[PDB]
Amino acid sequence: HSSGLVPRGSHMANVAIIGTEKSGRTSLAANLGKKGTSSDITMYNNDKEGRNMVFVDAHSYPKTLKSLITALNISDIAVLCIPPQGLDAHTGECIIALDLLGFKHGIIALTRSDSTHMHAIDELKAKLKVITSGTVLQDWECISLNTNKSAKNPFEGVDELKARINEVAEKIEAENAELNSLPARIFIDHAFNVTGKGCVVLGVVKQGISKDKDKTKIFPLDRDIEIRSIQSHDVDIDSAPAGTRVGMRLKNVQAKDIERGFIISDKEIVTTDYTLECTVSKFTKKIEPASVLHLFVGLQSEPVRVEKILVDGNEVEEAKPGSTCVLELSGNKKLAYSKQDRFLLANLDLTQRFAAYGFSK
Ligand SMILES: Nc1nc2c(ncn2[C@@H]2O[C@H](COP(=O)(O)OP(=O)(O)O)[C@@H](O)[C@H]2O)c(=O)[nH]1
Ligand SMILES: [Mg+2]
């Protein structure tokens, strides 16, 4: 039994469209759905073709990492856009990030196909098979495409991209369905007041099934709240299973006290210090005590200081690139997370900024 005249169905896909500068990312996203929410990232919604699809353009990247990380942590499928001769620094950083995130499902879009030739495209695909070997992108399909209605072959590859997205989405739907039996958790990516109905948050159910009228909590505030209503692509629904992108009206909390990264659940860890079992990127500088890094977990990001570095329980003076260690970190703001949330560490001053991934010990 469900609300409405027809169930929503288990058909949806949250897709992140990312990549280096001038890679055709925005043009692709904009041609895949209609522009909706826009901040440092932009949602393009398309629920007119079967699945409730949301494409997130991380348009503030490469300028900021949070744009990229937020887009990836609210999506289940990544589309990495690489233009002709596009093997540059940020394309490399994107590959590293996806791999440090253990991002399972994705596709590489070899954009701007009308500006190149099949033989060059075959050569770029060959190079990529190599660059992605031994990474989570190793078996991702590479699809040549363009979004130029005036090209000799207008929009070639777009139909193929859509088809592959739907296939991958089918696998994701089954994986998310398995999470329905867990306690509910919703990551909030936006929050604002709406005249006539108050506090509204937009986010995605990460696990379990959130239900209209649930009495739960919001973290890091650790405050009781009630879910007044849940909307999916503008229609009220009685429940929202894992993977569902939602809009929710909340009772007992003001939009002004909610930030991207807050979590709705019955329980979350809230701390300002962290002890993480980490794996350091081979493509970063050795990490040392007293150094400063940037931490990302869920949809939160903040600077942190390295207080202590240990290996096999013993304290050391550095963690070299490509090593595993335990990092004791300290920050100023309270962040919310559960043990299953993967942490990312970065050094915003480097060229390739991702330094490591880790989990709370
Ligand atoms: N010829 C051609 N140009 C494209 C295509 N897609 C994007 N562009 C152009 O490439 C440049 C950057 O595109 P954009 O979508 O902004 O990429 P982004 O800035 O990384 O999001 C602009 O000139 C776009 O009009 C394409 O399909 N074919
Ligand atoms: Mg962009």
# chains A, B, ... in the order shown; residues from 1 in each chain; ligands from 1
$ residues_around --residues "range 223-240 of chain A" --least-positions-apart "2" --cutoff "9 Å" --atoms "only C-alpha atoms" --output "ChimeraX atom specification"
/A:2-4,7-8,45,47,52,205,208-221,242-253,264,266
$ closest_atom_pairs --of "chain A" --to "ligand 2" --cutoff "8 Å" --atoms "only C-alpha atoms and all ligand atoms" --output "Markdown table"
| residue | atom | partner | partner_atom_place_in_ligand_line | distance |
| --- | --- | --- | --- | --- |
| A:18 | CA | ligand 2 | 1 (Mg) | 7.3 |
| A:19 | CA | ligand 2 | 1 (Mg) | 7.7 |
| A:21 | CA | ligand 2 | 1 (Mg) | 7.0 |
| A:22 | CA | ligand 2 | 1 (Mg) | 7.7 |
| A:23 | CA | ligand 2 | 1 (Mg) | 7.9 |
| A:24 | CA | ligand 2 | 1 (Mg) | 7.3 |
| A:25 | CA | ligand 2 | 1 (Mg) | 5.1 |
| A:26 | CA | ligand 2 | 1 (Mg) | 4.6 |
| A:57 | CA | ligand 2 | 1 (Mg) | 6.1 |
| A:58 | CA | ligand 2 | 1 (Mg) | 6.0 |
| A:59 | CA | ligand 2 | 1 (Mg) | 3.6 |
| A:60 | CA | ligand 2 | 1 (Mg) | 6.8 |
| A:61 | CA | ligand 2 | 1 (Mg) | 7.0 |
$ write_last_selection --atoms "N, CA and C atoms" --output "PDB file, in the first residue's frame"
ATOM      1  N   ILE A  18      31.000  14.896 -14.248  1.00  0.00           N
ATOM      2  CA  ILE A  18      32.203  15.606 -13.803  1.00  0.00           C
ATOM      3  C   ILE A  18      33.304  15.600 -14.841  1.00  0.00           C
ATOM      4  N   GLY A  19      34.387  16.299 -14.526  1.00  0.00           N
ATOM      5  CA  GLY A  19      35.512  16.351 -15.438  1.00  0.00           C
ATOM      6  C   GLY A  19      36.267  17.666 -15.422  1.00  0.00           C
ATOM      7  N   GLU A  21      38.249  21.212 -17.000  1.00  0.00           N
ATOM      8  CA  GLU A  21      37.704  22.385 -17.673  1.00  0.00           C
ATOM      9  C   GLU A  21      37.553  22.166 -19.179  1.00  0.00           C
ATOM     10  N   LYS A  22      36.544  22.803 -19.766  1.00  0.00           N
ATOM     11  CA  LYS A  22      36.295  22.694 -21.199  1.00  0.00           C
ATOM     12  C   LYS A  22      36.127  21.244 -21.659  1.00  0.00           C
ATOM     13  N   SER A  23      35.441  20.443 -20.858  1.00  0.00           N
ATOM     14  CA  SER A  23      35.221  19.048 -21.223  1.00  0.00           C
ATOM     15  C   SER A  23      33.780  18.788 -21.694  1.00  0.00           C
ATOM     16  N   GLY A  24      32.982  19.853 -21.825  1.00  0.00           N
ATOM     17  CA  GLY A  24      31.609  19.707 -22.269  1.00  0.00           C
ATOM     18  C   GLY A  24      30.664  19.191 -21.196  1.00  0.00           C
ATOM     19  N   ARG A  25      31.080  19.265 -19.935  1.00  0.00           N
ATOM     20  CA  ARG A  25      30.252  18.782 -18.822  1.00  0.00           C
ATOM     21  C   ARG A  25      28.896  19.474 -18.710  1.00  0.00           C
ATOM     22  N   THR A  26      28.908  20.802 -18.640  1.00  0.00           N
ATOM     23  CA  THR A  26      27.654  21.530 -18.497  1.00  0.00           C
ATOM     24  C   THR A  26      26.734  21.298 -19.690  1.00  0.00           C
ATOM     25  N   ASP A  57      25.775  18.529 -12.101  1.00  0.00           N
ATOM     26  CA  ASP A  57      26.929  19.144 -12.741  1.00  0.00           C
ATOM     27  C   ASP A  57      27.737  19.826 -11.630  1.00  0.00           C
ATOM     28  N   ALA A  58      28.955  19.347 -11.373  1.00  0.00           N
ATOM     29  CA  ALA A  58      29.813  19.951 -10.349  1.00  0.00           C
ATOM     30  C   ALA A  58      30.519  21.117 -11.030  1.00  0.00           C
ATOM     31  N   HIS A  59      29.767  22.162 -11.355  1.00  0.00           N
ATOM     32  CA  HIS A  59      30.352  23.275 -12.097  1.00  0.00           C
ATOM     33  C   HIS A  59      31.376  24.146 -11.390  1.00  0.00           C
ATOM     34  N   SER A  60      31.505  24.015 -10.074  1.00  0.00           N
ATOM     35  CA  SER A  60      32.498  24.803  -9.359  1.00  0.00           C
ATOM     36  C   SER A  60      33.833  24.069  -9.279  1.00  0.00           C
ATOM     37  N   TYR A  61      33.918  22.897  -9.900  1.00  0.00           N
ATOM     38  CA  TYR A  61      35.174  22.135  -9.935  1.00  0.00           C
ATOM     39  C   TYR A  61      35.711  22.435 -11.342  1.00  0.00           C
TER      40      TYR A  61
END
$ select_by_dssp --residues "range 112-346 of chain A" --states "strand (DSSP E or B)" --output "number ranges by chain"
A: 141-144, 185-194, 198-207, 209-211, 215-219, 223-232, 235-237, 239-241, 245-251, 263-265, 269-280, 287, 292-297, 300-311, 314-316, 319, 324-337, 343-346
$ closest_residue --among "A:33, A:92, A:84, A:198" --to "ligand 1" --atoms "only C-alpha atoms and all ligand atoms"
A:84
$ residues_around --residues "residue 54 in chain A" --least-positions-apart "3" --cutoff "12 Å" --atoms "only C-alpha atoms" --output "PyMOL selection string"
chain A and resi 11-17+29-30+32-37+42-51+57+71+74-78+165+169+203-204+232-233+243-246
$ write_last_selection --atoms "C-alpha atoms" --output "PDB file, in the first residue's frame"
ATOM      1  CA  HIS A  11      13.151   3.554 -11.011  1.00  0.00           C
ATOM      2  CA  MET A  12      15.705   6.284 -10.464  1.00  0.00           C
ATOM      3  CA  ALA A  13      19.287   7.266 -10.927  1.00  0.00           C
ATOM      4  CA  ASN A  14      21.387   9.972  -9.353  1.00  0.00           C
ATOM      5  CA  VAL A  15      24.188  10.790 -11.766  1.00  0.00           C
ATOM      6  CA  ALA A  16      27.242  12.995 -11.332  1.00  0.00           C
ATOM      7  CA  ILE A  17      28.584  14.648 -14.533  1.00  0.00           C
ATOM      8  CA  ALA A  29      24.154  17.816 -18.223  1.00  0.00           C
ATOM      9  CA  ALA A  30      21.992  20.681 -19.569  1.00  0.00           C
ATOM     10  CA  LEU A  32      20.058  15.567 -20.278  1.00  0.00           C
ATOM     11  CA  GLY A  33      17.489  17.261 -18.023  1.00  0.00           C
ATOM     12  CA  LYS A  34      15.904  20.552 -16.991  1.00  0.00           C
ATOM     13  CA  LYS A  35      17.835  22.953 -14.782  1.00  0.00           C
ATOM     14  CA  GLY A  36      16.691  22.897 -11.191  1.00  0.00           C
ATOM     15  CA  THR A  37      18.510  23.602  -7.930  1.00  0.00           C
ATOM     16  CA  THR A  42      23.603  22.284 -10.429  1.00  0.00           C
ATOM     17  CA  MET A  43      20.884  19.668 -10.698  1.00  0.00           C
ATOM     18  CA  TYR A  44      19.310  18.885 -14.043  1.00  0.00           C
ATOM     19  CA  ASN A  45      16.169  16.871 -13.535  1.00  0.00           C
ATOM     20  CA  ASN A  46      14.644  14.438 -15.922  1.00  0.00           C
ATOM     21  CA  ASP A  47      11.731  12.356 -14.729  1.00  0.00           C
ATOM     22  CA  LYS A  48      10.114  12.508 -18.134  1.00  0.00           C
ATOM     23  CA  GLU A  49      11.919   9.474 -19.559  1.00  0.00           C
ATOM     24  CA  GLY A  50      11.104   6.635 -17.186  1.00  0.00           C
ATOM     25  CA  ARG A  51      13.390   6.857 -14.188  1.00  0.00           C
ATOM     26  CA  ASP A  57      26.929  19.144 -12.741  1.00  0.00           C
ATOM     27  CA  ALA A  71      28.241  15.714  -6.494  1.00  0.00           C
ATOM     28  CA  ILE A  74      24.993  12.235  -3.527  1.00  0.00           C
ATOM     29  CA  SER A  75      25.221  10.241  -6.771  1.00  0.00           C
ATOM     30  CA  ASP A  76      25.427   6.520  -7.557  1.00  0.00           C
ATOM     31  CA  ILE A  77      26.733   6.811 -11.129  1.00  0.00           C
ATOM     32  CA  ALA A  78      29.602   8.925 -12.372  1.00  0.00           C
ATOM     33  CA  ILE A 165      23.087   4.896 -17.778  1.00  0.00           C
ATOM     34  CA  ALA A 169      20.862   2.265 -12.957  1.00  0.00           C
ATOM     35  CA  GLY A 203      18.747  15.434  -0.031  1.00  0.00           C
ATOM     36  CA  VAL A 204      19.015  11.744  -0.772  1.00  0.00           C
ATOM     37  CA  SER A 232       9.745  13.170  -5.026  1.00  0.00           C
ATOM     38  CA  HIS A 233      10.000  15.227  -8.189  1.00  0.00           C
ATOM     39  CA  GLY A 243      18.621   6.045  -3.382  1.00  0.00           C
ATOM     40  CA  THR A 244      15.588   8.342  -3.529  1.00  0.00           C
ATOM     41  CA  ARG A 245      16.290  12.027  -4.018  1.00  0.00           C
ATOM     42  CA  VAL A 246      13.893  13.955  -1.769  1.00  0.00           C
TER      43      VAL A 246
END
$ select_by_dssp --residues "range 117-207 of chain A" --states "helix (DSSP H, G or I)" --output "PyMOL selection string"
chain A and resi 118-131+158-179
$ atom_distance --atom1 "CA of residue 91 in chain A" --atom2 "CA of residue 352 in chain A"
9.8 Å
$ closest_residue --among "A:145, A:126, A:89, A:95" --to "residue 114 in chain A" --atoms "only C-alpha atoms"
A:145
$ residues_around --residues "residue 276 in chain A" --least-positions-apart "4" --cutoff "10 Å" --atoms "only C-alpha atoms" --output "PDB file with C-alpha atoms, in the first residue's frame"
ATOM      1  CA  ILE A 309      50.607   9.417  12.898  1.00  0.00           C
ATOM      2  CA  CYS A 325      48.506   4.448   8.558  1.00  0.00           C
ATOM      3  CA  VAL A 326      46.309   5.675  11.357  1.00  0.00           C
ATOM      4  CA  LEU A 327      45.910   9.425  11.519  1.00  0.00           C
ATOM      5  CA  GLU A 328      44.738  11.222  14.635  1.00  0.00           C
ATOM      6  CA  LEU A 329      43.148  14.467  13.463  1.00  0.00           C
ATOM      7  CA  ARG A 342      34.259   7.004   3.931  1.00  0.00           C
ATOM      8  CA  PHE A 343      36.493   9.998   4.736  1.00  0.00           C
ATOM      9  CA  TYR A 357      40.819   8.006   2.088  1.00  0.00           C
ATOM     10  CA  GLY A 358      40.116   6.526   5.493  1.00  0.00           C
ATOM     11  CA  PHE A 359      37.504   5.213   7.897  1.00  0.00           C
ATOM     12  CA  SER A 360      36.821   6.076  11.527  1.00  0.00           C
ATOM     13  CA  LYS A 361      38.508   3.591  13.836  1.00  0.00           C
TER      14      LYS A 361
END
$ residues_around --residues "residue 99 in chain A" --least-positions-apart "2" --cutoff "6 Å" --atoms "only C-alpha atoms" --output "PDB file with C-alpha atoms, in the first residue's frame"
ATOM      1  CA  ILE A  96      42.259   9.612  -8.510  1.00  0.00           C
ATOM      2  CA  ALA A  97      39.245  10.916  -6.550  1.00  0.00           C
ATOM      3  CA  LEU A 101      36.196   6.886  -3.237  1.00  0.00           C
ATOM      4  CA  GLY A 102      35.937   3.327  -4.507  1.00  0.00           C
ATOM      5  CA  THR A 135      41.610   1.389 -10.709  1.00  0.00           C
ATOM      6  CA  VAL A 136      37.818   1.337 -10.154  1.00  0.00           C
TER       7      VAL A 136
END
$ residues_around --residues "residue 124 in chain A" --least-positions-apart "3" --cutoff "8 Å" --atoms "only C-alpha atoms" --output "number ranges by chain"
A: 84-85, 120-121, 127-128
$ residues_around --residues "residue 62 in chain A" --least-positions-apart "6" --cutoff "8 Å" --atoms "only C-alpha atoms" --output "ChimeraX atom specification"
/A:20-21,68,90
$ atom_distance --atom1 "CA of residue 103 in chain A" --atom2 "CA of residue 73 in chain A"
9.4 Å
$ closest_residue --among "A:108, A:117, A:148, A:130" --to "ligand 1" --atoms "only C-alpha atoms and all ligand atoms"
A:148
$ closest_residue --among "A:142, A:87, A:72, A:151" --to "ligand 1" --atoms "only C-alpha atoms and all ligand atoms"
A:151
